[PDB]
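We begin with a single chain expressed as structure tokens, specifically the form deposited in one PDB entry.
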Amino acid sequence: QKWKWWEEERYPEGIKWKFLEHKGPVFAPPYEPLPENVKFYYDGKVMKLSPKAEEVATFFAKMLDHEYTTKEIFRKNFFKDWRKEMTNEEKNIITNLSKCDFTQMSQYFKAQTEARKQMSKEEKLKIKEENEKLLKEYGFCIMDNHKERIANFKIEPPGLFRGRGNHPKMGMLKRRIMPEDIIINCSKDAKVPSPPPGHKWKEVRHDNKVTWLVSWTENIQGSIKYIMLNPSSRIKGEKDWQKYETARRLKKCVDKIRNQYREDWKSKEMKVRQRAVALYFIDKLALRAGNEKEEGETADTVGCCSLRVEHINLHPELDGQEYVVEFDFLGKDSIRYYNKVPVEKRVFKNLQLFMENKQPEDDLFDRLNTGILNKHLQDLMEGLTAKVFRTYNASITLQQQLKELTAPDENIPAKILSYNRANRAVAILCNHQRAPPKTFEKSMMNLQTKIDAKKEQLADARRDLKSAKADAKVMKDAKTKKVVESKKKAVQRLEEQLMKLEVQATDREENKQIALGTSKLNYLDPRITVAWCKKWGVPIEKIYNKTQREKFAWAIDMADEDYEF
């Protein structure tokens, strides 16, 4: 089509659409039972299970490979939830989990998977084709004059929850989502989608102030899950753009706030002193303002405002630095945040005051929570909140570091390295860690062997040139002195090759325990990127793949080479 929505006038705040029509959500493929020969054993005696329970048994049989299926919490929860999905001959016989034998089911599944990567184009293409009849019928919805794409219209299948980290609910069954759980949201003038035969949707609402197409209540933590639009849409873009534009507004008066909190580290009231120290951490250390959460329903992890006392430790002078805080805690997605950080004299003397006669299990910031912090932030700048501090620090660091890295002289894949090194700088700030792929890091030897090979191809292009400079001394004609210029051009064509290969070796190494994923799509103004690519002639696709190009299709078209965040 080619729809420039960024040129259109905005929508009067709070009203999100006028028209919304979609063929609804796609359900999970119905459960296909086990064939006779894949028997299940309880107490060593052959037991055949009812479809409800057998379904729940496969979920466990498939995860057997994992170390977590031995964890107490996991076996406790799972089993409690399996008993429930069992009949009475079964709730009588199957007393504990530990006496059931899934090994046969488990092996059948490892077989089906290996005997899937073995079908030829005769059966393989027939699936990739049937899937395309689907993405077309259910994957696009019409929202106000335009056919826009839906994110993940395919509803999540029932399995067992595991979640990240030490989740208290790990093991609990994720119930299959029936149409009687689904609320559809469309316009009054839209052709309301038809439910699967023999079912009704939970509600057909026309709430035009929301951007969601379908919503149901999932049951592990009782949170409301949704089916929203593709990031390439208007309803997701206007928004993302607003967010970077709000990140830019914070820049105009960032120094002003960094002056007031610097002075607020004095204040007569203790409660203002907290709200200021917290603000420093979020600013200079890019911390998620930690909202509090229900104990026993989430993995114990925290952010800034929820920082318990046991999570921070003081040190006056360590490893040569003056006035340091030894940060150690589990942040979002249970990823660790270890950092020895040198603060200002006041702040250190201010943290001591916050820990003074307090128990390890208690809050560092008493009578402070994210609500209070955001209330202040909102007074400071219209529309401000605490994530903007991570978006700004992320963006302003990508742009300023591209200026400090990208050299005019350098070739095209070297710019990519200078860029990736800037991207990296954000990821270390934002604590966007990654764990090096499971024993797949011997592929550093099989990328370095390609280099200690290209060094030999070029070793000899020089040794071949050194013969031509001993032949251009005795006999200096049109077919000698010009045969050197084609043997030096050959050293050059292989230099620019070895260089690309070696630049792509340190871009892989420095990035072994760092994830640039999140910062690329979620933090970082894409215009900062487009500006740079238009400026140094690096073709856009060398930085952004297709879904990233699609999401960022508003920036690509808009920003000039001169754009400055």
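Heads up: residue numbers just count along the shown sequence, starting at 1. Whichever C-alpha set is largest while still superposing within 1.5 Å between the two forms counts as the rigid core.
Below, we refer to the form deposited in another entry, which is not included among the displayed structures.
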Report the residue, chosen from 487, 311, 75, 387, for which the CA moves 2 Å or more between this form and the one not shown after the rigid core is overlaid. 487
For residue 439, is the CA shift between this form and the one not shown at least 2 Å following rigid-core superposition? yes
Answer yes if the CA of residue 471 moves 2 Å or more between this form and the one not shown after aligning the rigid core, and no otherwise. yes
Superposing on the rigid core, I want to see if residue 353 changes position between this form and the one not shown - specifically a Cα shift of 2 Å or more. no
In the other form the CA atoms of residue 165 and residue 435, compared with here and shifted by at least 3 Å, lie farther
With a shift of at least 3 angstroms, figure out whether the C-alpha spacing between residue 435 and residue 525 grows or shrinks in the other form: closer or farther? closer
